[PDB]
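This report refers to the structure that appears directly beneath it.
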Amino acid sequence: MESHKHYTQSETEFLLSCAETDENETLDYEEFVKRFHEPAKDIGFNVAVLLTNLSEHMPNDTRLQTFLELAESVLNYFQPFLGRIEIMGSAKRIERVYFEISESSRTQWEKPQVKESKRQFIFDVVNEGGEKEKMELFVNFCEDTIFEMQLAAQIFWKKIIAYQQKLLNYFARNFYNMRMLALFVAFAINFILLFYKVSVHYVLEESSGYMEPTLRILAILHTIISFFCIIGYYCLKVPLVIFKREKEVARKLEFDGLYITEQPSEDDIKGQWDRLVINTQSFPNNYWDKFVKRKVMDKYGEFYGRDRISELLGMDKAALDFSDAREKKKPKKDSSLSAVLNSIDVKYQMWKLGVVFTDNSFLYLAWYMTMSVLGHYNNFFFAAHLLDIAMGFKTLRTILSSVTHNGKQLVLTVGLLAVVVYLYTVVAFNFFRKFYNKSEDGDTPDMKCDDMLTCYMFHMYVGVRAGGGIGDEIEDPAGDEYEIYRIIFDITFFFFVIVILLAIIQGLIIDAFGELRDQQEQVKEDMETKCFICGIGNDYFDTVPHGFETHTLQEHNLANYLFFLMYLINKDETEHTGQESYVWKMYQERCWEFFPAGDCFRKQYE
Amino acid sequence: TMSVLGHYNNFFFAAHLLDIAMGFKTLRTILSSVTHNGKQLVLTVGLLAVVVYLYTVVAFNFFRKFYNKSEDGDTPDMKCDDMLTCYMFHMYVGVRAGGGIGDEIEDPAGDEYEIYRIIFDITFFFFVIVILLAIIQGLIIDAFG
Amino acid sequence: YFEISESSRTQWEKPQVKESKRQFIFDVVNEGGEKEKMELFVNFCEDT
Ligand SMILES: [Ca+2]
Ligand SMILES: [Zn+2]
Numbered sequence: 070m071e072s073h074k075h076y077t078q079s080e081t082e083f084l085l086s087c088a089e090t091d092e093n094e095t096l097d098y099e100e101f102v103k104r105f106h107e108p109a110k111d112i113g114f115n116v117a118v119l120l121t122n123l124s125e126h127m128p129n130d131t132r133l134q135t136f137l138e139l140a141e142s143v144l145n146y147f148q149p150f151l152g153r154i155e156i157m158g159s160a161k162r163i164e165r166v167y168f169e170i171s172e173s174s175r176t177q178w179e180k181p182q183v184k185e186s187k188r189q190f191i192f193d194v195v196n197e198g199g200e201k202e203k204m205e206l207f208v209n210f211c212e213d214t215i216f217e218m219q220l221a222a223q224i225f226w227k228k229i230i231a232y233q234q235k236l237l238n239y240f241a242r243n244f245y246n247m248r249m250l251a252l253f254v255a256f257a258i259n260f261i262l263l264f265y266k267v268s269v270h271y272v273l274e275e276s277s278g279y280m281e282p283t284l285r286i287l288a289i290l291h292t293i294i295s296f297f298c299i300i301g302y303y304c305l306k307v308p309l310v311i312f313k314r315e316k317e318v319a320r321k322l323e324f325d326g327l328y329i330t331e332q333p334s335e336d337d338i339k340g341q342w343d344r345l346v347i348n349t350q351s352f353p354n355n356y357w358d359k360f361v362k363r364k365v366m367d368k369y370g371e372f373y374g375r376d377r378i379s380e381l382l383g384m385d386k387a388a389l390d391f392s393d394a395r396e397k398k399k400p401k402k403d404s405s406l407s408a409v410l411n412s413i414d415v416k417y418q419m420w421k422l423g424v425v426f427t428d429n430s431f432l433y434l435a436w437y438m439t440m441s442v443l444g445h446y447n448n449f450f451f452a453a454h455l456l457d458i459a460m461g462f463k464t465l466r467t468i469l470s471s472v473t474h475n476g477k478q479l480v481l482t483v484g485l486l487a488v489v490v491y492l493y494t495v496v497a498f499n500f501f502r503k504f505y506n507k508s509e510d511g512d513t514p515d516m517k518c519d520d521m522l523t524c525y526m527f528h529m530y531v532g533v534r535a536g537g538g539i540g541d542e543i544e545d546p547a548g549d550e551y552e553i554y555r556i557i558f559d560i561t562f563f564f565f566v567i568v569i570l571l572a573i574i575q576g577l578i579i580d581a582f583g584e585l586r587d588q589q590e591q592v593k594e595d596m597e598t599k600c601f602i603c604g605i606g607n608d609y610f611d612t613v614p615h616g617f618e619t620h621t622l623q624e625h626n627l628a629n630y631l632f633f634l635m636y637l638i639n640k641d642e643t644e645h646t647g648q649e650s651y652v653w654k655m656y657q658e659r660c661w662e663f664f665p666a667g668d669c670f671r672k673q674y675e
Numbered sequence: 058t059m060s061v062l063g064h065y066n067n068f069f070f071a072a073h074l075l076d077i078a079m080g081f082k083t084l085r086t087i088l089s090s091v092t093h094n095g096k097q098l099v100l101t102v103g104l105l106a107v108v109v110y111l112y113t114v115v116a117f118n119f120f121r122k123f124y125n126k127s128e129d130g131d132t133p134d135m136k137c138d139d140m141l142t143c144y145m146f147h148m149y150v151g152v153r154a155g156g157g158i159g160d161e162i163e164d165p166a167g168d169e170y171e172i173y174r175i176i177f178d179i180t181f182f183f184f185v186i187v188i189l190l191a192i193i194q195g196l197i198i199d200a201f202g
Numbered sequence: 040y041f042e043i044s045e046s047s048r049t050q051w052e053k054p055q056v057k058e059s060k061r062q063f064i065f066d067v068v069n070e071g072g073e074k075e076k077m078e079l080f081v082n083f084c085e086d087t
């Protein structure tokens with residue numbers, strides 16, 4: 070401690086004065102730091118927040134300058150522990166509030182799935198969401214993310230359950246690695262299936278042993294890995310989506326009265342599926358708000374009937390359960406002795422199944438599993454697993470979303486194409502029917518136009534795909550009886566169908582791909598040259614070196630805002646400061662006017 | 058090294074004609090364009106290979122009696138009677154026929170697989186010819202632009 | 040105000056200096072923005 074260049078002799082002797090000397094000349098540094106560091110850390114963080122507030126408010130004071138050099142000598146330890154937010158409220162001015170950030174919160178934020186959720190939120194809030202619901206979506210994302218961080222941190226009856234929990238946690242932790250291994254095994258199976266031949270009798274001929282049994286080995290391994298992937302997903306991401314839906318339906322019940330006063334429509338299947346379990350037993354299982362039932366009861370009980378509310382919301386004959394629990398409640402209760410199973414609520418379980426079977430990703434993994442099962446029957450069904458790279462990469466997802474994007478325009482252009490092909494078909498069927506003789510020697514003429522449906526199909530199957538119309542494959546007229554009419558027909562066909570409509574669908578898909586790529590680049594450039602919270606711009610902060618960088622990484626950090634919301638939630642109110650209590654009241658009343666809309670600390674002060 | 062190799066075989070001096078591409082400006086622009094959207098080009102080519110492979114396996118299972126590339130024979134030159142040969146024939150003819158793959162193999166002309174064969178061929182000419190090949194074309198043209 | 044040498048003018052009129060100048064202009068207006076523009080310009084002046 071005297072040679073590590075971080076202590077002078079006075080400090081070294083002051084620190085040896087704190088020794089224990091347990092009669093053998095030995096100190097236990099373990100208990101030393103377990104006893105002498107935690108309160109020191111807490112009060113040091115408090116005084117560091119005080120000094121940082123004083124610094125960021127009153128600059129350029131030599132006495133405060135030495136105070137600040139000592140302050141930063143201390144802050145070199147509390148830099149990753151203090152966070153700052155710019156609130157706008159209760160004073161008509163920007164206020165820099167400070168708070169504590171937990172190492173656990175930092176780790177759970179550094180977790181991968183949290184980063185994936187963050188990038189997805191950024192993308193779908195800059196693409197679709199504007200500025201009226203931007204803060205709404207951001208606060209919803211913060212809530213979903215703190216729930217996801219809690220889940221990631223969480224990641225005879227006492228012998229099987231404690232092991233199945235560990236197994237599910239391991240699967241949820243290695244879900245992504247399971248996906249990569251599944252992709253690699255699928256590529257291997259497809260390579261082996263490429264090394265193939267036929268004799269009516271399928272055999273893998275191109276190799277000499279060591280390749281037939283490994284195919285079945287990799288097939289059963291891929292099936293096992295697909296089952297492991299779906300099991301890990303069901304315990305890693307299903308909690309998040311069911312929590313989102315529970316929060317949505319609970320807030321619709323509380324604020325809007327979706328199933329009390331403004332009953333949903335008949336086409337919205339989501340409304341009906343939520344009405345299915347607005348009255349279940351354990352309705353808020355993941356929203357951590359087990360009192361939305363009593364809240365909506367107290368809100369809509371004196372107008373629509375308290376008994377009616379209690380029967381439509383579940384928990385019948387328990388309108389006095391609150392008073393019974395407030396006055397001489399029961400201490401506890403054993404689970405059961407004869408009812409080991411069926412304790413769960415079948416209604417809520419069916420609701421969970423119905424919400425996971427329309428997740429658009431659980432469905433993808435289910436299709437993956439069924440394709441593996443079918444590949445066990447016929448090995449060539451493992452080729453469908455090669456499409457996993459299209460969903461794994463970015464620009465491939467862009468191509469797929471492009472071919473899906475202009476869906477209605479594509480379908481209607483294809484319909485118009487079919488209609489012009491049908492019109493050209495009927496004119497060729499009436500007039501130019503002696504020219505559709507597809508034979509070289511015969512002598513049996515293979516007339517493709519001597520039937521309406523066959524002629525229409527020959528048209529839609531040759532004339533659309535000949536690249537030069539339809540006349541370049543059937544016989545040339547070469548006779549002054551229908552020459553001019555036949556040529557005008559063929560040139561009009563090659564004009565409207567080949568170089569116009571086919572080109573229209575081509576350009577439709579190409580422009581959809583270009584638009585999707587261009588929106589992605591615009592989202593990237595907006596995140597790179599514009600602030601998310603305030604959105605003042607980049608040239609304003611491009612005055613001091615790294616100005617915009619420090620502004621977006623210190624003052625208006627989305628991670629800092631999320632950590633501040635987590636701190637307010639875990640703050641144990643009646644201990645909030647003025648600004649913290651104000652922000653908490655705004656968050657409870659769902660107003661979000663405390664975000665800096667068109668101002669920042671630099672724009673407000675010097 | 059190309060000059061040294063041209064001393065061995067004189068035709069290696071043809072590689073020196075590419076010096077104008079680096080000497081001029083718009084030619085360097087064309088080369089930097091074909092290099093620019095590199096990852097997007099590679100991944101679009103991979104997706105192209107994948108759809109060609111899927112169309113290959115469906116043609117290999119169902120429409121294998123139509124790949125008879127002969128005029129007189131009498132020995133049938135079946136190009137689809139092997140998986141790798143069928144995939145290669147696909148990636149080598151159906152991508153570059155300009156009108157799909159059905160415009161070079163025999164017409165079904167029979168009410169047994171006619172509708173399925175035509176839907177297969179029109180979907181091929183749609184996805185591979187006038188969509189994905191067009192996507193790579195537009196990628197390079199837009200990089201140049 | 041300052042003095043400019045005829046030697047400096049000639050070496051600036053040299054061709055490779057003009058090539059380096061145009062390359063710097065191109066790759067400082069294309070990739071470089073305004074935060075590192077003066078950095079790149081001073082580095083170019085030293086190289087030149
Ligand atoms: Ca208080
Ligand atoms: Zn900002």
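Heads up: the sequence lines are chains A, B and C, in that order. Numbering follows this note's numbering, in which position 305 of the first sequence is assigned residue number 374; successive positions increment by one, without gaps. Numbering follows this note's numbering, in which position 78 of the second sequence is assigned residue number 135; successive positions increment by one, without gaps. Numbering follows this note's numbering, in which position 37 of the third sequence is assigned residue number 76; successive positions increment by one, without gaps. Backbone N, C-alpha and C fix where the C-beta goes; we use that ideal spot for every residue, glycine too.
Listed by chain order, chain C residues near residue i by CB distance under 9 angstroms
| i | result |
| --- | --- |
| residue 677/A | An answer regarding residue 677/A cannot be provided, because it is not within the stretch 70 to 675 covered by chain A. |
Partners in chain B for residue i, counting only beta-carbon separations shorter than 8 angstroms
| i | result |
| --- | --- |
| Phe462/A | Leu100 |
| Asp414/A | Here the premise fails: no neighbours, minimum Cβ distance about 44 angstroms. |
| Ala459/A | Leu104 and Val107 |
| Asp515/A | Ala166 |
| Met526/A | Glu171, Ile172 and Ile175 |
Nearest-angstrom beta carbon gap, residue j and residue i [assumed within contact, 8 angstroms]
| i | j | result |
| --- | --- | --- |
| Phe431/A | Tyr302/A | 7 angstroms |
| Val118/A | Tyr167/A | 5 angstroms |
| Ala221/A | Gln177/A | 5 angstroms |
| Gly152/A | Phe632/A | 5 angstroms |
| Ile193/B | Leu98/B | 6 angstroms |
| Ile258/A | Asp668/A | With 8 angstroms as the limit, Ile258/A and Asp668/A do not qualify as a contact, their Cβ atoms being about 59 angstroms apart. |
| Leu263/A | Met140/B | 7 angstroms |
Proximity test, residue i beta-carbon vs ligand 2 heavy atom, cut-off 6 angstroms
| i | result |
| --- | --- |
| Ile602/A | yes |
| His625/A | yes |
Where residue i meets chain A, residues with beta-carbon distance less than 7 angstroms
| i | result |
| --- | --- |
| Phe182/B | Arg534 |
| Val114/B | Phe449 and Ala452 |
Residues that residue i contacts on chain B, provided the C-beta gap is smaller than 7 angstroms
| i | result |
| --- | --- |
| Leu263/A | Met140 and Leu141 |
Check whether residue i and residue j have beta carbons under 7 angstroms apart
| i | j | result |
| --- | --- | --- |
| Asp428/A | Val310/A | yes |
| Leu486/A | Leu570/A | yes |
| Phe610/A | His625/A | no |
| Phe182/B | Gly202/B | no |
| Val108/B | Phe184/B | yes |
| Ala408/A | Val361/A | no |
| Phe451/A | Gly461/A | no |
| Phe504/A | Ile567/A | no |
| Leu434/A | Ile299/A | yes |
Proximity test, residue i beta-carbon vs ligand 1 heavy atom, cut-off 6 angstroms
| i | result |
| --- | --- |
| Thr643/A | yes |
Under 9 angstroms from the C-beta of residue i: neighbouring residues of chain A
| i | result |
| --- | --- |
| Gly159/B | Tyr530, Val531 and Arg534 |
| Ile179/B | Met529, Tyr530, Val533 and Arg534 |
Beta-carbon neighbours of residue i, restricted to chain C and to distances below 7 angstroms
| i | result |
| --- | --- |
| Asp611/A | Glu73 and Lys74 |
Proximal chain A residues relative to residue i, where beta-carbon distance stays under 8 angstroms
| i | result |
| --- | --- |
| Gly95/B | Here the premise fails: no neighbours, minimum Cβ distance about 11 angstroms. |
Per-residue contacts from residue i into chain B (C-beta, under 9 angstroms)
| i | result |
| --- | --- |
| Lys507/A | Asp164 and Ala166 |
- Message: Please list, in chain order, the residues of the stretch 69–83 of chain C that have any C-beta partner in chain A closer than 7 angstroms.
- Response: Those residues of the stretch 69–83 of chain C that come within reach of chain A (Cβ to Cβ, closer than 7 angstroms) are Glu73 and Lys74.
- Determine which residues of the stretch 184–195 of chain B have a Cβ less than 9 angstroms from any Cβ of chain A, and write them out in chain order. For chain A, the residues of the stretch 184–195 of chain B that bring a beta carbon within less than 9 angstroms of one of its beta carbons are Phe184, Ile186, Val187, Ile188, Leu189, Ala191, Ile192, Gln194 and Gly195, in chain order.
- If you measure beta-carbon to beta-carbon, which residues of the stretch 250–276 of chain A are closer than 7 angstroms to chain B? Cβ contacts with chain B come from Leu263, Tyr265, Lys266 and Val267.
- Task: Name, going along the chain, the residues of the stretch 165–177 of chain B whose beta-carbon falls closer than 8 angstroms to a beta-carbon of chain A.
- Result: Contacts with chain A (Cβ-Cβ distance below 8 angstroms) from the stretch 165–177 of chain B involve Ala166, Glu171, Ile172 and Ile175, listed in chain order.
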